[PDB]
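Okay, structure first, notes after.
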Amino acid sequence: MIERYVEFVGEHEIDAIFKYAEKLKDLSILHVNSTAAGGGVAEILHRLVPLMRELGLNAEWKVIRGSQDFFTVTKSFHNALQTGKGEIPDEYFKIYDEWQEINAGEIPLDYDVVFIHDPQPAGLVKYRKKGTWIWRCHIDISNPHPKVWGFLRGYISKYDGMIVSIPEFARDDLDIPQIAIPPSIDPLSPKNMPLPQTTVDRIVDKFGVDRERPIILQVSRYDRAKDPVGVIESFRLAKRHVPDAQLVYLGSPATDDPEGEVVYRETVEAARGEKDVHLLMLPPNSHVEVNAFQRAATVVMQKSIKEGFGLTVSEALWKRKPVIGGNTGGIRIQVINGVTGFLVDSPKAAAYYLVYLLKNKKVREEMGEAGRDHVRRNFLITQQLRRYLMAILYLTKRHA
Ligand SMILES: OC[C@@H]1O[C@H](O)[C@@H](O)[C@H](O)[C@@H]1O
């Protein structure tokens, strides 16, 4: 598999990966996160952990378990860290700590390297043996709720190091190494692989979307952070000027996200009257269906209020789609304003750029080529893999 990436990134990146992998042959590595079920962290680890194994690394991946209440508490911590807002009962921290204890009993932690992904398992460091512990933060912690952050920083300060997706998430109030490594797409995964036009046509038609007219696509959960209501608004404002245009909102549920409906109803409401709005809800691991819709799209949106990175952006740029992205978090390192897409602070701004891109075919096409090249140079899985191997070599040598 790893030799297949030379086509994209060249022989020098691949040789470096082998050289780093050689130095790490005798370390065991554990990844712990909140879901294998699909999207985001699971989607990365489903490609990344097997690549680590192909390079001869003893890499394992274990998923924590919880009650509906546990995921209620962790979803509230997530929103509180990203928005700086929310009322957090004292009971939330007790539920959290109790489910750390339960998982610690059921997950062996005797590894040379332990990667803990995101806040849900951060408390497992209480039960650490003598290996190197790395907190992999996927979310925006730039301006967090002081009580939720104060609590979490209690655990984070005990790690050997920490990975954030962009430098802007690095914390002034931590002394441990903070390394900025963005997530990545696998260009050979079912999400990103080339499809024949037949496959694209099949899937777009199946869902009752007109292939012969322009499609505006957002791939995202029905989550307030992705602002589905604001996407509909953007589309409604643009639709006056581009009457042939259709909106497809392609959502899926998340194992650690119980707050996934009512927003759907609000979205349905904001959609009422417009027949060219398609609010789709697909199973997780509908990767080829997402692929098809991204290739079918004329313009892609990721109009997030908050976003750690937004893999949906690089997925669209790779397929040569311009992206209108929320001016926030890791969207800003993928969407280079006027080059790979446009950054927006409101639905009204999004509408202006929707009409611009739909009226300017050569500009759209150029932006798409610049998007793919920007992802080829920055956001492919071999770069993330190479930088992870370097972080492990760096931090294990500091630990020992
Ligand atoms: O640790 C939280 C995780 O964050 C990712 O961005 C997201 O794709 C997953 O659905 C999950 O919520």
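The numbers here are math on the coordinates, done by the rules we state, and not lab data. For neighbour counting, all protein chains shown are included, and Cβ atoms are generated from backbone atoms with ideal geometry for every residue, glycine included.
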Worksheet item: Any idea what the relative contact order of the chain is, in percent, if you count C-alpha pairs under 8 Å spaced at least 6 apart?
Response: 17 percent
Worksheet item: To the nearest 20 debye, what is the magnitude of the charge dipole of the chain about its Cα centre, counting +1 on the Cβ of each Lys and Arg and -1 on the Cβ of each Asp and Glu?
Response: 780 debye
Worksheet item: Which three lengths, in whole Å and largest first, does the chain cover when its Cα atoms are put on their principal axes?
Response: 62, 53, 36
Worksheet item: What are the GluC sites (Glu not before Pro) within segment 70-133 that DSSP puts in a loop, where the Cβ has at most 16 other Cβ atoms within 10 Å?
Response: 87
Worksheet item: What's the center-to-center distance, using Cα atoms, between segment 189-218 and segment 257-312 in Å?
Response: 14 Å
Item to complete: Below 19 Å Cα-Cα, how many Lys pairs turn up in segment 307-400? Only count pairs eight or more apart in sequence, or on different chains, if you could.
Response: 6
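Please get the size of the charge dipole for segment 119-203, origin at its Cα centre, with Cβ charges of +1 on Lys and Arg and -1 on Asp and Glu, quoted in debye to the nearest 20.
Working: 11 positive and 8 negative charges, 111 e Å.
Around 540 debye, computed over segment 119-203.
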Response to the item:
Log entry: pair-distance distribution for segment 72-118, C-alpha pairs binned every 5 Å from zero, whole % per bin is 5, 17, 21, 22, 16, 12, 7, 1
Worksheet entry | Spherically averaged projected area of segment 197-378 from its Cα convex hull (nm²) | 9.5 nm²
Worksheet item: Rounded to a whole number, what is D in µm²/s for segment 234-339 from Stokes-Einstein with the Kirkwood radius over alpha-carbon pairs (4 °C, 1.567 mPa s)?
Response: 86 µm²/s
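So what is the 222 nm mean residue ellipticity for the chain from helices alone, if each DSSP H run of at least 4 adds -39500 (n - 2.57) and you divide by all residues, rounding to the nearest 500 deg cm²/dmol?
Details: 15 runs with 178 residues, N = 400.
Dividing the helical sum by the residues of the chain leaves -14000 deg cm²/dmol.
Around residue 187, what is the net charge, scoring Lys/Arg as +1 and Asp/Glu as -1 over all other residues with Cβ under 12 Å from its Cβ? Show your work: numbers first, answer last.
Details: positive: 4, 47, 191, 319, 372, 376; negative: 7, 186, 315.
My count for the surroundings of residue 187 gives +3.
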Worksheet item: Around residue 31, with a cut-off of 9 angstrom between Cβ atoms, what is the net charge of the other residues, counting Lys and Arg +1 and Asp and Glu -1?
Response: +1
Worksheet item: In debye, nearest 20: dipole of segment 95-249 around its Cα centre with unit charges on the Cβ of K, R (+) and D, E (-)?
Response: 300 debye
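For segment 16-112, what D do you get in µm² per second when you plug the Kirkwood radius from alpha-carbon pairs into Stokes-Einstein at 20 °C and 1.002 mPa s? It would help to have the intermediate numbers written out before the result.
Working: Rh = 15.7 Å.
D = 137 µm²/s.
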